[PDB]
Amino acid sequence: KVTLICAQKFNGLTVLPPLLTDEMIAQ
Amino acid sequence: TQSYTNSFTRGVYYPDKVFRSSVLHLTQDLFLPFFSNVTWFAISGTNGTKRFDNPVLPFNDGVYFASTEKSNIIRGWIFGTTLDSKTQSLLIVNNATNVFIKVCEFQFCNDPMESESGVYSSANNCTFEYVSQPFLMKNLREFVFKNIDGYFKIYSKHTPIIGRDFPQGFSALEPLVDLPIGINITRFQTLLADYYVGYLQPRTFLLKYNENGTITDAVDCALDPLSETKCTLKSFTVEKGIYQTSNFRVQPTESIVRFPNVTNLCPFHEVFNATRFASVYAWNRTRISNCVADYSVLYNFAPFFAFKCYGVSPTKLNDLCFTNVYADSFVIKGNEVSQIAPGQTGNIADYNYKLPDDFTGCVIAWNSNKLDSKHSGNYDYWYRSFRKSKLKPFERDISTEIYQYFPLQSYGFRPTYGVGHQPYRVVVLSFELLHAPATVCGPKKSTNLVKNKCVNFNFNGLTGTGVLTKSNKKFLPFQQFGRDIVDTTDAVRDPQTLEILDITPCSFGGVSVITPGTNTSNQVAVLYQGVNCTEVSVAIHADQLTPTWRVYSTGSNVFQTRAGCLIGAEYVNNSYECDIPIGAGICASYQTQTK
Amino acid sequence: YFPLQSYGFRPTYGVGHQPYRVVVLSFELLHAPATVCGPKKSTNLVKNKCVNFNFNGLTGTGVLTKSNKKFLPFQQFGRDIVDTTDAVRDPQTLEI
Amino acid sequence: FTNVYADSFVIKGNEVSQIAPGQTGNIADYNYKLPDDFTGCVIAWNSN
Amino acid sequence: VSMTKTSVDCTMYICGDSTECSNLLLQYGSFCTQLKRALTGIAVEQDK
Amino acid sequence: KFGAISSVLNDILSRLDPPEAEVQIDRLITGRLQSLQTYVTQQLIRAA
Ligand SMILES: *[C@@H]1O[C@H](CO)[C@@H](O[C@@H]2O[C@H](CO)[C@@H](O)[C@H](O)[C@H]2NC(C)=O)[C@H](O)[C@H]1NC(C)=O
Ligand SMILES: *[C@@H]1O[C@H](CO)[C@@H](O)[C@H](O)[C@H]1NC(C)=O
Ligand SMILES: *[C@@H]1O[C@H](CO)[C@@H](O)[C@H](O)[C@H]1NC(C)=O
Ligand SMILES: *[C@@H]1O[C@H](CO)[C@@H](O)[C@H](O)[C@H]1NC(C)=O
Ligand SMILES: *[C@@H]1O[C@H](CO)[C@@H](O)[C@H](O)[C@H]1NC(C)=O
Ligand SMILES: *[C@@H]1O[C@H](CO)[C@@H](O)[C@H](O)[C@H]1NC(C)=O
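Residues numbered from 1 in each chain as written, not as in the entry; some residues may be left out. Chains lettered and ligands numbered in written order. Part of a larger assembly, values for the part shown. Heavy atoms only, no water.

Its PDB header attributes the entry to cryo-EM and lists the resolution as 2.68 Å.

This is the structure we're talking about:
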């Protein structure tokens, strides 16, 4: 219900992944 | 070029006159990079112990010189350009009682067994002489020769090294002398009757000061990711963890220029070199289109009284493209030349011709008295003393009305009037610039179109950097550019082939350094964020990656993560508690492996 | 084309053409590191008081005391961890 | 001052206003250019 | 529980691929550093 | 544009000499730096 090429916002703005993956949180 | 060695933590000097105590000072100056190559000169290089001559070396943004010596065979240096008496040169010589520094128009005569002689006997038009205690005095006799802001800055240090020809220790050079010469110093030569020559480059160093005003250590911020981390934190000790220290970009390898293949030249000749000129109140407006806007012709036609541009630089008109080149040709009194400009108040601005304030263009004035000044004069002149209201920008009133006073005057000027009254021909070129939508462009040599590479491009005046690819966008025949959701240009149409090209930004991301801590190991790993390891490996092989340091990057130490490409760590299938986080489930740690 | 022209001017030309002698004085200012200074009447050195001072063009207010800092003969100024001037060398006595 | 330099020359009066930082013209481009980050003084006196 | 972790290249946002702009940016002091630390602290906090 | 002739640094550097470009660039630097300060401040509030 809720919605590596930097296709969008390639103006020095990046997004870092979380340390724990969705699988680790599920675990 | 007899041999090459590596400088080790050497060539650091005090960059300024400021005393510092127990601080770490991060500074940018010209320094010898750490572990750089230096040329080792095999006495006298090409020359032997006692031979006729030796070659002249480059002086590239300052030179580091060193030589461990007790015999004082090296007794001076010469700095200059041609070194043939046609240009002034600087001679520093040591006679072991005093050092003599002179600047004169010297002639090189191959100036250097069982013989000593005077040197540089031809020394014409001498302008500078200085005398001081000797520079030279196992002893390294280290010197740095820098020539900036007019001054020739000489720094030096002497050290007691018994067991090493090139010591592995660290010391900073102290300023020795700083002379106000103002000489170019493209190249230099050492005068003999063994030595190392390195060259300085712009670099940032973190300098460690002692309790006293002395430098005891330094780190070169561009040598290695660990040094970059140390500079980022301004510490010589780095704790365990992951730090963001710099960004990386892939640089363009080549530049491409694409303009329409138009061979028609713009009629600047007819406009400037006109048989007849417009009257003051009624300027003659023409339009320049579908041609090459070559502006060197204006400089070829005449020396100018003034060539003043407001929205553009006069140098760069041959690089820019234009959408509306208009030319307003007229003759005015010289004293009015300074009044035709945006924002001016006066009789010409208000009653004859007004410019807008948001004006892009150039105003070019040239005294025309040789043709237009006569005792009867040129009767094209029609100045408007009075106008019922102020004139609007670019408005022209051809009709003449008599005020209820005859506003228009037709007077020729005599060659005997002061130049402020004599006629000048003036051309105003109006240049509307609308993001490269048009065919008028200054002369440039077109190149080939290069796709699937990070390149610089110039498309009809649109300048940028990116990766060009075949587009699948459906442009209408009319449309020439595409933009995404954020008004960033992402597509162009090639001006010669009309091909639609997509612009993808060149790879860029953060760089993180994973350090076990400097109290354990100086080995580090580098994470290139948001990039494929293939793209990074290609950028390394092509020498495109912005940071100048390289990680060893051998087989099986390159690992692809969701965070980015990790180079300098071996991925294993044995899980452990997270130590240094990387991201997306992946952590790194310094461990004992295989033994 | 001969780029250089040697023409003398007659006293009958308009003043816009008559010669003027022009001198351009270039003044690099680098925080008082030098011996060239306009005429000023030197005063005595006053220590252990809050005074105004002008040291070779360096202007400020503070309390001057004997320094225990070890400057090299070359060094003339000291600064702390925040690039604030905290030491000078007296231009006449060379005292820190 | 650290670098008092004196450039001595004679020019036409109409060029006096052109020897200044940021100016465009024949004297600035072909005879002598000043830097834009210029600290100093320009003194002119009619020598007729 | 968590927020999207962002990172901003201050120089590339303000002065993207422009040396002249970067050199002018240097005259404002360490603003890019303060912003970089603030965003790094946020990024760490979200994992915490 | 924040008062600049153009929002694109490449066009300012392509069209103007450094001494005028510095003014236009400083207008763009001021605008972009304030935009980053606003973004970081609101990210800190959201992070809290
Ligand atoms: C700083 O310079 C001084 C003087 O050259 C060095 O010498 C020592 O200074 C301390 C000052 O309290 C004295 O107590 C010692 O007896 C001095 N030693 C000698 C051998 O004279 C001092 O060592 C220098 N600082 C450092 C860190 O070396
Ligand atoms: C350095 O020497 C070269 C020799 O060809 C000369 O062309 C150049 O102009 C010199 N440097 C300067 C700043 O004049
Ligand atoms: C450039 O030359 C090609 C030759 O085939 C031609 O098709 C094209 O129209 C030319 N470009 C322009 C802008 O005229
Ligand atoms: C350009 O100037 C020369 C001067 O000798 C003249 O002969 C020529 O006719 C001029 N061209 C035009 C188009 O008037
Ligand atoms: C004015 O410009 C037009 C452009 O076609 C030209 O034909 C005409 O001769 C010009 N007249 C004068 C007086 O410059
Ligand atoms: C890197 O590129 C290759 C193809 O060149 C692709 O198969 C791989 O999945 C890519 N890796 C990432 C992390 O995007």
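Asker: Now, about the site of ligand 6: what can you tell me, with residues and values included?
Answerer: The environment of ligand 6 is made up of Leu4 of chain A together with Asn532, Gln560 and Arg562 of chain B. Flanking ligand 6 are residues from chains A and B. Between an oxygen atom of ligand 6 and a side-chain N or O atom of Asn532 of chain B, the distance comes to 2.4 Å. Surface burial for ligand 6 is 40%, taken as the share of its 360 Å² of free accessible area covered by protein chains. Broken down by class, the residue content of the shell around ligand 6 amounts to one nonpolar, two polar and one charged. (Near = heavy atom within 4 Å. Polar contact = N/O pair within 3.5 Å; in protein donor to acceptor, adjacent residues only side chain to side chain. Areas by Shrake-Rupley, 256 points an atom, 1.4 Å probe, with all protein chains shown as cover. Nonpolar A, V, L, I, M, F, W, Y, C, P; charged D, E, K, R; others polar.)

Asker: Now, about the interface of chain B and chain D: what can you tell me, with residues and values included?
Answerer: Each partner contributes residues to the interface: chain B has six residues there, and chain D has six residues. For the pair chain B and chain D, the two sides together bury roughly 420 Å², of which 43% comes from carbon and sulfur. Joining chain B to chain D, the criterion identifies two residue pairs in polar contact. Classifying every residue of the side of chain B that touches chain D by side-chain character gives six nonpolar, no polar and no charged. (Contact = heavy atoms within 4.5 Å. Buried area = accessible area lost by both parts, 1.4 Å probe.)

Asker: Let's hear about the side chain of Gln43 of chain F: which residues, and what values?
Answerer: Along the chain, the position of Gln43 of chain F falls in helix 2 (residues 18-47). Ignoring any residue separated from it by four or fewer positions in sequence, one finds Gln43 of chain F in contact with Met3, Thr6 and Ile42 of chain E. (Helix = DSSP H or I, 4+ residues; strand = E, 2+ residues; numbered from the N terminus.)

Asker: So what's going on with the packing of helix 3 (residues 31-47) of chain E against helix 2 of chain F? Residues and values would help.
Answerer: With their axes 10 Å apart at the nearest point, helix 3 of chain E and helix 2 of chain F run at an angle of 25° to one another. Taken together, the axis directions place helix 3 of chain E and helix 2 of chain F in an arrangement best described as roughly parallel. Here helix 3 of chain E and helix 2 of chain F pass one another in a crossing that is left-handed. Every residue of helix 2 of chain F that contacts helix 3 of chain E at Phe31, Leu35, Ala38, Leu39, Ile42, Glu45 and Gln46 of chain E is listed here: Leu33, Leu36, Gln37, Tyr39, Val40, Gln43, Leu44 and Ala47 of chain F. Looking at the contact of helix 3 of chain E with helix 2 of chain F residue by residue, the class counts come to 11 nonpolar, three polar and one charged. (Axes fitted to C-alpha atoms, helices over the stretch in contact; angles between N-to-C directions. Parallel < 35°, antiparallel > 145°, perpendicular 65-115°, else oblique. Left-handed = near helix turned anticlockwise from the far one by under 90°.)

Asker: Can you tell me about the pattern of salt bridges, naming the residues and giving the values?
Answerer: Residues and elements named next belong to chain B. Taken as a whole and assessed by the stated rule, the structure comprises 26 salt bridges over all chains. A salt bridge links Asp319 to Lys444; the nearest nitrogen and oxygen atoms lie 3.2 Å apart. The salt bridge involving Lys473 is made with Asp490; its shortest N-O contact spans 2.9 Å. Here the residue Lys473 occupies a position in the loop between strand 31 (462-470) and strand 32 (481-483), and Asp490 occupies one in strand 33 (residues 489-493), the gap between them amounting to 17 residues. (Salt bridge = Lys/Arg side-chain N within 4 Å of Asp/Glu carboxyl O.)

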